[PDB]
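A short write-up of the structure that comes next.
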Amino acid sequence: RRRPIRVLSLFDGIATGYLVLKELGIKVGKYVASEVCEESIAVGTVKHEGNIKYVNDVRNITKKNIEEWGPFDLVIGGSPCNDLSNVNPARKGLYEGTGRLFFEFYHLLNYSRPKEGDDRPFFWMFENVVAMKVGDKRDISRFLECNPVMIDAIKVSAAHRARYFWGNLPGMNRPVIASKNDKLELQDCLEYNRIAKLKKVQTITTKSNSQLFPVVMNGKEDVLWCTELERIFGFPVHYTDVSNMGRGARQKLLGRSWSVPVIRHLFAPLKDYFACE
Amino acid sequence: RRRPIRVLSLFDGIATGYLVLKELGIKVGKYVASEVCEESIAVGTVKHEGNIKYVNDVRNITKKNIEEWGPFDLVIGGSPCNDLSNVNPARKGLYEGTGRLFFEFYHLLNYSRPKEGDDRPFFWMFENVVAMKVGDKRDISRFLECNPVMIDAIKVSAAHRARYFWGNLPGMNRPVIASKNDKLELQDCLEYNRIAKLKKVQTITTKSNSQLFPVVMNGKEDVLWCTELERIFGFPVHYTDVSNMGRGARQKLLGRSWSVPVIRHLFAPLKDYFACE
Amino acid sequence: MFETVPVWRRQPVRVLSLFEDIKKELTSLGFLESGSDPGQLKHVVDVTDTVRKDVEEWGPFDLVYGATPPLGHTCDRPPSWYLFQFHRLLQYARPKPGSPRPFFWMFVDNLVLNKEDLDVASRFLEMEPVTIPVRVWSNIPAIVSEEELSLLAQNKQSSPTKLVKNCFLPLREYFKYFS
Amino acid sequence: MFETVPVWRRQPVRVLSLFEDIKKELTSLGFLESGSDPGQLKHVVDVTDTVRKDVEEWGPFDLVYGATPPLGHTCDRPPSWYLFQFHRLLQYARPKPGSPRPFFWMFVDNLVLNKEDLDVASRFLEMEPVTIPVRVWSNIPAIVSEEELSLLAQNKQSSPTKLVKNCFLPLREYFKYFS
Ligand SMILES: Nc1ncnc2c1ncn2[C@@H]1O[C@H](CSCC[C@H](N)C(=O)O)[C@@H](O)[C@H]1O
Ligand SMILES: Nc1ncnc2c1ncn2[C@@H]1O[C@H](CSCC[C@H](N)C(=O)O)[C@@H](O)[C@H]1O
């Protein structure tokens, strides 16, 4: 029959995968997260009450670990884009620095794959930015043996966020339609007595410059608050109010995260393959 | 019959008075707050959605203002304790520095008082620290024409906070008993995977050094988080997650604030004198 | 303003002199009786433990006088202390709102209040001080730039003026006169 | 280990030589056939656009060989590029789980992999490299410190070794001899 989903999340960040699966009502049986950022782990630990098994560095996951922790029904992950983006001048490409971490996903993906005779359902997805060289986008497609689909979060959220999505999830190419409760304009994500200048926000990153003064309060311009950044990305309010993180720390975690309504769109077809509440 | 309450709050801070009155279910008709801290005003404005009329400096409130903004049914306030506490070596007493701000309460209290022969209900309350010299405690009692009641937050919260309370509220001298939902021990105020060393915490103030490492997480010492400070004082969680405030900024506002469960104990008899929800 | 009183109805004023006694001063016009050993004047200097009932028990008052210590004197207490205590005792001596009667109050400073205290003094006494070359806050009927006052205050600081009597002239139009 | 086969059952290996061709090398021992113009060795150097179906139609294969470029020479691609591409093409050539036929693979580096790259190499190929005074990762049953190795690497980099033949000896116990 249908049984809960066992998920392996590499480069888990602030546990967006576990968040979306529970928001969909999917019964999460096991969620193994490979994650090294101390503040990021504190978020997924506090906001999900220890339901996430953290295993720290992805390069320490042995073949025996995938067998013991397995079997896995869903393998998601997004390698860091610091050495893969056209923005940073000091790139290290796909093969040096943190760019080489993509192959760790490719490595553990084939370890988690079901054998040929095992026809059990198995899904996976890899995410990375679009601002990568054609030579690195081609090579990622050559290793994952499929082609990515581009889904911009502007269609379903209040910010630009064009990302590539490799994977075998059901209906990844389907048209993206915005849900009812999606905050599609910046004014929807703001707090009280604060006025939004623009309808959408330029792509938000880890740095403060994500215009630079897009809100008016008491007839004076002011930046976005952390609570407003969380609403832009679709996370719950105060999702990053953890571990005494200031404005700069919380924007770092949010700047590298996934757009929650986008991942909800991608993970939605999983409801018909596993148990739900 | 009963009518909603019209409150004048001098030195409002983070609007603890409005919070307690609404938590008691009392219909708040008008809440005039005298408050100059930008970050503090941002809290009471966002967390209460503009129901608070801010009037900025207390020394600019004229006699005509009390007439126009009036009538008032409740006049609360707590002058700054920086120049009134034995902690600061460089005191300026009750008559210099910020100590003279108490007389602004005394001034506006007599302005808001109903004239002789007006039997309408009128309540008021002044709060200050206990660690003040006897010469200034006597003078405050000489001006307010009554004696203070000492209420320590240790009975109803998880922290020491002995404060003096002048006022004519009904039953201020009654024994303080803790309610059902009061988190009176530190472990009740902590987050997940966080272990409390002590049952109660030393009096929390504006500075970080308030023992200094009272929590254990993953077998390692760590300070209190902002969310945990809010639970200690009885405020709602993320009550200070406003205006990109870091750890130090939120502790500053919370360190000088009122213990919410203590103010609830004091304001509770007001339910039988004004309208309720 | 108050209305003037017929001369045959006027009675001797009873005054409350705080900090600085003006009994010897007030006799110059004759508001008090030279023979009355108790006198209509009640003078107190240390008021830290005076209660509202004390002023009520001392009887009514028509003029309430308060003054800062002279310039050529040490500051036993902060300069703001005299204004706050004057304001507290003044509200005790005011007649009830139900029974109107001529009532006056005066606070005079001998260049002892600084700039910070003047703003507080004017706010509490509800009027800007007028300069008499002293500063005068009073509800009495009728009644040189700082540049000069600031430099004069420095010379005076290196080394009990009673010119304020001229402000007491219209108070004879409400109380009796002795000769 | 794989179980040995009677000599009359053994057949010529078909090998996949990546990056570095060993056709002339394999003739010296005789795993390859002298004269067979449709050689059993398939040699490719640029594999960036190689798909799984390409290897399948080029298959089957019994030995998969991959090697980094010789010392010095050029850094046409990063040294990690050859390991990742070798690992990707190897998974294409492996027999299906419903075929226990003999399958071998070898990857050798000529001191071109850095210190961090060795850890990646050992993790992907699932064994620590053994030192032959080159390093060899392989499942063949066949199988000095770092400072001298590093300083020697610095001298040659400042200014095509084929000693690996001795490692191919136990492959004679599963395949033909001078065939
Ligand atoms: N060697 C490594 N092992 C595991 N995680 C790593 C890693 N190097 C970087 N990371 C992770 O890469 C994460 C960013 S990738 C973005 C995380 C995810 N998209 C989200 O939902 O937020 C960082 O938070 C960091 O913890
Ligand atoms: N001149 C002034 N006018 C009005 N408010 C003042 C002031 N000087 C200081 N304050 C206020 O004094 C406040 C601390 S008193 C504590 C606030 C209150 N007990 C609470 O519930 O938090 C500060 O936040 C500041 O805003």
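If you're wondering about the labels, chains in the structure tokens are A, B, ... by order shown, residues count from 1 in each chain, ligands from 1 in order shown.
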
Could I get chain D fitted onto chain C (least squares, all C-alpha atoms, in order) as a short mmCIF file (atom, residue, chain, number, x, y, z; two decimals) with C-alpha atoms, in the first residue's frame?
```cif
data_model
loop_
_atom_site.label_atom_id
_atom_site.label_comp_id
_atom_site.auth_asym_id
_atom_site.auth_seq_id
_atom_site.Cartn_x
_atom_site.Cartn_y
_atom_site.Cartn_z
CA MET D 1 -8.15 87.53 37.29
CA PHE D 2 -9.69 87.69 40.76
CA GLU D 3 -12.25 90.41 41.38
CA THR D 4 -11.38 93.15 43.86
CA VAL D 5 -13.12 93.37 47.23
CA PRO D 6 -14.49 96.41 49.12
CA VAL D 7 -11.99 97.78 51.64
CA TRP D 8 -14.20 97.00 54.64
CA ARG D 9 -14.29 93.30 53.66
CA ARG D 10 -10.52 92.85 53.28
CA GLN D 11 -8.74 90.77 55.92
CA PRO D 12 -5.06 90.10 56.68
CA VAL D 13 -3.28 87.62 54.43
CA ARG D 14 -2.03 84.37 55.92
CA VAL D 15 1.05 83.37 53.95
CA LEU D 16 3.17 80.24 53.64
CA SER D 17 6.84 81.21 53.27
CA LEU D 18 8.97 78.27 52.12
CA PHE D 19 12.77 78.04 52.28
CA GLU D 20 13.27 81.83 52.51
CA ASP D 21 11.45 83.76 55.24
CA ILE D 22 9.87 87.07 54.24
CA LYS D 23 8.28 87.98 57.59
CA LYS D 24 10.51 91.04 57.99
CA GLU D 25 9.98 91.81 54.29
CA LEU D 26 6.16 91.78 54.39
CA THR D 27 6.11 94.17 57.37
CA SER D 28 7.62 96.91 55.19
CA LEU D 29 4.49 97.13 53.03
CA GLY D 30 2.08 96.02 55.75
CA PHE D 31 0.48 92.80 54.53
CA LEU D 32 1.54 91.37 57.89
CA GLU D 33 0.52 92.64 61.32
CA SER D 34 3.14 94.30 63.51
CA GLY D 35 2.81 92.68 66.95
CA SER D 36 0.79 89.56 66.13
CA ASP D 37 2.98 86.93 67.79
CA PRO D 38 0.80 84.14 66.30
CA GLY D 39 1.92 85.52 62.96
CA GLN D 40 -0.06 84.97 59.79
CA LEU D 41 3.19 83.81 58.17
CA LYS D 42 4.12 80.14 58.47
CA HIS D 43 7.77 79.55 57.58
CA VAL D 44 9.32 76.13 56.96
CA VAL D 45 12.73 75.36 55.47
CA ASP D 46 12.99 71.54 55.50
CA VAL D 47 9.87 69.97 53.99
CA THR D 48 11.09 66.47 53.06
CA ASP D 49 8.69 64.89 55.57
CA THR D 50 5.77 67.33 55.18
CA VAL D 51 2.44 65.62 54.52
CA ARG D 52 -0.71 67.08 52.98
CA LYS D 53 -2.50 66.95 56.35
CA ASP D 54 0.23 69.09 57.92
CA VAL D 55 -0.40 71.94 55.47
CA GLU D 56 -4.17 71.60 55.84
CA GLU D 57 -4.01 72.08 59.61
CA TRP D 58 -1.56 74.95 59.11
CA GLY D 59 -4.06 76.41 56.64
CA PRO D 60 -5.86 78.19 55.17
CA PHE D 61 -3.34 80.28 53.20
CA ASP D 62 -3.76 83.07 50.66
CA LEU D 63 -0.17 83.57 49.45
CA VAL D 64 2.35 80.75 49.01
CA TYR D 65 5.96 81.90 48.76
CA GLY D 66 8.92 79.77 47.70
CA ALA D 67 12.45 80.84 46.85
CA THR D 68 15.77 79.22 46.02
CA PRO D 69 18.70 79.99 48.35
CA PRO D 70 20.66 83.18 47.62
CA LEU D 71 23.55 83.24 45.18
CA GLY D 72 26.72 81.46 46.19
CA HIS D 73 25.84 80.17 49.67
CA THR D 74 25.67 76.36 49.46
CA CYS D 75 24.29 73.52 47.37
CA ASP D 76 22.69 71.74 50.31
CA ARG D 77 20.13 70.28 47.89
CA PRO D 78 19.95 70.36 44.09
CA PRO D 79 18.40 73.55 42.71
CA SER D 80 15.53 71.53 41.21
CA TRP D 81 14.63 70.24 44.69
CA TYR D 82 13.08 73.56 45.73
CA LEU D 83 10.87 73.79 42.63
CA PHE D 84 9.53 70.24 42.94
CA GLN D 85 8.87 70.65 46.67
CA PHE D 86 7.29 74.07 46.09
CA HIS D 87 4.98 72.52 43.49
CA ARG D 88 4.04 69.65 45.79
CA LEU D 89 3.22 71.86 48.78
CA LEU D 90 1.37 74.35 46.56
CA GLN D 91 -1.16 71.72 45.49
CA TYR D 92 -1.83 71.07 49.19
CA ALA D 93 -2.54 74.75 49.92
CA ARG D 94 -4.80 75.45 46.92
CA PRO D 95 -8.48 75.97 47.79
CA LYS D 96 -10.90 73.22 46.90
CA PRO D 97 -12.87 73.54 43.63
CA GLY D 98 -15.91 74.47 45.76
CA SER D 99 -14.28 77.67 47.03
CA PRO D 100 -13.48 80.64 44.75
CA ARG D 101 -11.54 82.45 47.46
CA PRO D 102 -8.50 84.54 46.43
CA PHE D 103 -5.35 82.41 46.29
CA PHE D 104 -1.89 83.48 45.12
CA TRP D 105 1.52 81.84 44.82
CA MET D 106 4.99 83.07 43.91
CA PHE D 107 8.29 81.33 43.22
CA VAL D 108 11.48 83.35 42.71
CA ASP D 109 14.98 82.10 41.89
CA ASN D 110 18.22 84.03 42.45
CA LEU D 111 19.92 82.79 39.27
CA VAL D 112 20.44 79.33 40.79
CA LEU D 113 18.36 77.35 38.26
CA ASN D 114 20.30 76.03 35.27
CA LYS D 115 19.24 76.31 31.62
CA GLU D 116 17.39 72.98 31.61
CA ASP D 117 15.85 73.70 35.02
CA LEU D 118 14.11 76.84 33.74
CA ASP D 119 12.20 74.75 31.19
CA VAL D 120 11.07 72.43 33.99
CA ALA D 121 10.16 75.42 36.16
CA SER D 122 8.08 77.03 33.41
CA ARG D 123 6.30 73.76 32.59
CA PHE D 124 5.31 73.07 36.20
CA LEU D 125 4.34 76.65 37.07
CA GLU D 126 2.67 77.05 33.65
CA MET D 127 4.28 80.36 32.63
CA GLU D 128 7.55 81.70 31.27
CA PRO D 129 9.62 83.61 33.86
CA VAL D 130 9.80 87.39 33.57
CA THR D 131 13.14 89.09 34.20
CA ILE D 132 13.52 91.80 36.86
CA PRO D 133 17.04 93.38 36.91
CA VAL D 134 15.83 87.47 39.83
CA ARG D 135 13.10 85.64 37.92
CA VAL D 136 9.55 85.38 39.27
CA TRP D 137 6.82 82.84 38.54
CA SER D 138 3.51 83.92 40.02
CA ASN D 139 -0.18 84.45 39.29
CA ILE D 140 -0.14 88.00 40.69
CA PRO D 141 -1.83 90.46 38.28
CA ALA D 142 1.16 92.78 38.82
CA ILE D 143 3.50 91.81 35.97
CA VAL D 144 18.43 92.41 28.72
CA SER D 145 19.64 89.05 27.38
CA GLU D 146 21.10 85.85 28.85
CA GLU D 147 24.85 86.33 28.24
CA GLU D 148 25.19 89.21 30.70
CA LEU D 149 23.01 87.34 33.19
CA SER D 150 25.15 84.20 32.90
CA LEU D 151 28.51 85.98 33.20
CA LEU D 152 27.25 87.94 36.22
CA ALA D 153 26.13 84.66 37.79
CA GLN D 154 29.64 83.28 37.27
CA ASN D 155 31.24 86.24 39.05
CA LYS D 156 29.03 86.04 42.14
CA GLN D 157 29.20 82.23 42.35
CA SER D 158 32.99 82.67 42.36
CA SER D 159 32.56 84.95 45.39
CA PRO D 160 19.54 87.59 50.09
CA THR D 161 18.10 90.03 47.54
CA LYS D 162 14.62 91.30 48.45
CA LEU D 163 13.66 93.56 45.54
CA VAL D 164 10.51 91.47 44.92
CA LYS D 165 8.49 93.76 47.22
CA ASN D 166 7.32 95.86 44.26
CA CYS D 167 5.55 92.77 42.87
CA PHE D 168 3.30 92.61 45.96
CA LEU D 169 1.58 95.92 45.18
CA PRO D 170 -1.66 94.62 43.54
CA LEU D 171 -2.15 92.31 46.54
CA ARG D 172 -3.27 95.48 48.32
CA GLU D 173 -6.38 95.49 46.10
CA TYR D 174 -7.52 92.20 47.68
CA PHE D 175 -6.19 92.45 51.26
CA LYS D 176 -5.63 94.94 54.06
CA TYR D 177 -3.20 97.86 54.39
CA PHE D 178 -0.82 98.18 57.38
CA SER D 179 -2.87 95.85 59.55
#
```

### Task
Can you list, as a PyMOL selection string, all residues belonging to range 44-153 of chain C that DSSP tags as alpha helix (DSSP H)?
chain C and resi 52-57+79-93+115-125+146-153

Keeping N, CA and C atoms for every residue in the selection just given, could you write it to a file as a short mmCIF file (atom, residue, chain, number, x, y, z; two decimals), in the first residue's frame?
```cif
data_model
loop_
_atom_site.label_atom_id
_atom_site.label_comp_id
_atom_site.auth_asym_id
_atom_site.auth_seq_id
_atom_site.Cartn_x
_atom_site.Cartn_y
_atom_site.Cartn_z
N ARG C 52 0.19 66.31 53.19
CA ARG C 52 -0.92 67.17 52.78
C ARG C 52 -1.77 67.57 53.98
N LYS C 53 -1.97 66.65 54.93
CA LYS C 53 -2.76 66.97 56.12
C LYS C 53 -2.11 68.06 56.95
N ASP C 54 -0.77 68.13 56.95
CA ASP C 54 -0.07 69.15 57.72
C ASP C 54 -0.43 70.55 57.23
N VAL C 55 -0.43 70.76 55.92
CA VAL C 55 -0.78 72.07 55.38
C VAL C 55 -2.25 72.38 55.64
N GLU C 56 -3.11 71.38 55.51
CA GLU C 56 -4.53 71.57 55.79
C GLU C 56 -4.76 71.90 57.26
N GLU C 57 -4.01 71.25 58.15
CA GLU C 57 -4.16 71.47 59.58
C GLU C 57 -3.59 72.82 60.01
N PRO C 79 19.30 72.16 42.91
CA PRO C 79 18.42 73.31 42.66
C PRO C 79 17.01 72.92 42.26
N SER C 80 16.84 71.76 41.62
CA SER C 80 15.50 71.30 41.26
C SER C 80 14.69 70.88 42.47
N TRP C 81 15.35 70.57 43.59
CA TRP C 81 14.64 70.07 44.77
C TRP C 81 13.65 71.10 45.30
N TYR C 82 14.01 72.39 45.25
CA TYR C 82 13.15 73.42 45.81
C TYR C 82 11.90 73.62 44.96
N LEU C 83 12.03 73.52 43.63
CA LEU C 83 10.88 73.68 42.76
C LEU C 83 9.89 72.53 42.92
N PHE C 84 10.39 71.29 42.93
CA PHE C 84 9.50 70.14 43.04
C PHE C 84 8.76 70.13 44.38
N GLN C 85 9.46 70.48 45.46
CA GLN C 85 8.80 70.53 46.76
C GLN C 85 7.84 71.71 46.85
N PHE C 86 8.20 72.84 46.24
CA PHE C 86 7.28 73.97 46.17
C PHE C 86 6.01 73.60 45.43
N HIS C 87 6.14 72.87 44.32
CA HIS C 87 4.97 72.46 43.55
C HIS C 87 4.12 71.45 44.32
N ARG C 88 4.76 70.57 45.09
CA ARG C 88 4.00 69.58 45.85
C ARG C 88 3.22 70.23 46.98
N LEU C 89 3.87 71.14 47.72
CA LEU C 89 3.18 71.81 48.82
C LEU C 89 2.15 72.81 48.30
N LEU C 90 2.36 73.38 47.11
CA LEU C 90 1.40 74.33 46.57
C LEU C 90 0.06 73.67 46.29
N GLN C 91 0.08 72.46 45.72
CA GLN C 91 -1.17 71.75 45.46
C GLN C 91 -1.90 71.38 46.74
N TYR C 92 -1.18 71.31 47.87
CA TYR C 92 -1.84 71.07 49.15
C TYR C 92 -2.55 72.32 49.65
N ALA C 93 -1.98 73.50 49.39
CA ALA C 93 -2.50 74.75 49.94
C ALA C 93 -3.61 75.37 49.10
N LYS C 115 19.92 76.10 32.95
CA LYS C 115 19.08 76.09 31.75
C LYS C 115 18.13 74.90 31.76
N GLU C 116 18.63 73.72 32.17
CA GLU C 116 17.78 72.53 32.19
C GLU C 116 16.63 72.69 33.18
N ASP C 117 16.88 73.34 34.32
CA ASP C 117 15.86 73.50 35.34
C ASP C 117 14.82 74.56 34.97
N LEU C 118 15.22 75.58 34.20
CA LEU C 118 14.26 76.62 33.81
C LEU C 118 13.13 76.05 32.97
N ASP C 119 13.46 75.15 32.03
CA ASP C 119 12.42 74.53 31.22
C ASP C 119 11.47 73.71 32.08
N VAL C 120 12.01 73.00 33.07
CA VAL C 120 11.16 72.25 33.99
C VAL C 120 10.35 73.19 34.87
N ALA C 121 10.99 74.27 35.35
CA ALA C 121 10.30 75.22 36.22
C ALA C 121 9.12 75.87 35.51
N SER C 122 9.33 76.30 34.27
CA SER C 122 8.26 76.95 33.53
C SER C 122 7.14 75.97 33.19
N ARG C 123 7.49 74.71 32.92
CA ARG C 123 6.47 73.72 32.59
C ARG C 123 5.60 73.40 33.80
N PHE C 124 6.21 73.28 34.98
CA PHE C 124 5.45 72.92 36.17
C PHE C 124 4.63 74.10 36.69
N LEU C 125 5.20 75.30 36.66
CA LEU C 125 4.50 76.49 37.12
C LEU C 125 3.70 77.17 36.01
N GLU C 146 20.16 87.10 28.42
CA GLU C 146 20.93 86.09 29.14
C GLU C 146 22.40 86.39 29.02
N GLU C 147 22.83 86.71 27.81
CA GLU C 147 24.23 87.08 27.68
C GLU C 147 24.72 87.81 28.92
N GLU C 148 23.98 88.82 29.37
CA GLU C 148 24.36 89.53 30.60
C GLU C 148 24.19 88.65 31.83
N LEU C 149 23.11 87.87 31.89
CA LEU C 149 22.87 87.02 33.05
C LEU C 149 23.91 85.92 33.18
N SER C 150 24.33 85.33 32.07
CA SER C 150 25.32 84.25 32.14
C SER C 150 26.65 84.77 32.66
N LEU C 151 27.12 85.91 32.14
CA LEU C 151 28.38 86.47 32.62
C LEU C 151 28.26 86.97 34.05
N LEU C 152 27.10 87.54 34.41
CA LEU C 152 26.89 87.98 35.78
C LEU C 152 26.88 86.80 36.74
N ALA C 153 26.29 85.67 36.32
CA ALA C 153 26.28 84.48 37.16
C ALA C 153 27.68 83.98 37.46
#
```

### Task
Return as JSON, numbers by chain the residues of protein, DNA or RNA that approach ligand 2 to within 8 Å, with only C-alpha atoms and all ligand atoms taken into account.
{"B": [10, 11, 12, 13, 14, 15, 16, 17, 34, 35, 36, 37, 38, 40, 41, 56, 57, 58, 59, 77, 78, 79, 80, 81, 98, 101, 127, 253, 254, 256, 257, 258, 259]}

Can you write out the residues you just picked, keeping C-alpha atoms, as a tab-separated table (two decimals), in the first residue's frame?
```
chain	number	residue	atom	x	y	z
B	10	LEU	CA	4.03	57.28	30.31
B	11	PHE	CA	7.38	55.63	29.52
B	12	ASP	CA	5.50	52.90	27.69
B	13	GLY	CA	8.49	50.84	26.59
B	14	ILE	CA	7.33	47.87	24.54
B	15	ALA	CA	3.64	48.39	25.38
B	16	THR	CA	3.37	45.87	28.21
B	17	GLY	CA	0.37	47.76	29.57
B	34	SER	CA	4.49	58.51	25.82
B	35	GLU	CA	7.57	56.87	24.34
B	36	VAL	CA	10.77	58.07	22.66
B	37	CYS	CA	12.73	54.88	21.82
B	38	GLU	CA	12.36	54.24	18.09
B	40	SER	CA	10.42	50.37	21.33
B	41	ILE	CA	7.79	52.33	19.38
B	56	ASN	CA	6.69	60.91	21.94
B	57	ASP	CA	8.38	62.91	24.73
B	58	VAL	CA	6.57	63.16	28.06
B	59	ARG	CA	8.00	66.63	28.73
B	77	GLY	CA	4.15	54.47	34.07
B	78	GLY	CA	7.66	53.53	35.14
B	79	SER	CA	10.40	56.14	35.01
B	80	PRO	CA	13.90	55.04	33.96
B	81	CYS	CA	15.91	53.43	36.76
B	98	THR	CA	16.85	60.69	34.14
B	101	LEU	CA	11.52	62.07	34.92
B	127	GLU	CA	6.71	51.25	39.04
B	253	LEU	CA	14.11	46.35	25.55
B	254	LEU	CA	13.35	43.21	27.57
B	256	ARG	CA	14.07	47.23	31.30
B	257	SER	CA	10.52	45.97	30.74
B	258	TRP	CA	7.82	44.78	33.14
B	259	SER	CA	7.16	41.17	34.06
```

### Message
Residues of chain B within 12 Å of chain C, counting only C-alpha atoms, what are they? List them as an NGL selection string.
### Response
:B and (58-64 or 92-97 or 99-108 or 110-111 or 114-118 or 135-146)

### Task
Check every residue of chain B for an atom within 8 Å of chain A, counting only C-alpha atoms, and provide those that qualify as a ChimeraX atom specification.
/B:45-46,49-50,191-193,225-227,238,241-247

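Taking CA of residue 109 in chain B and CA of residue 76 in chain B as endpoints, the distance between them is 8.9 Å.
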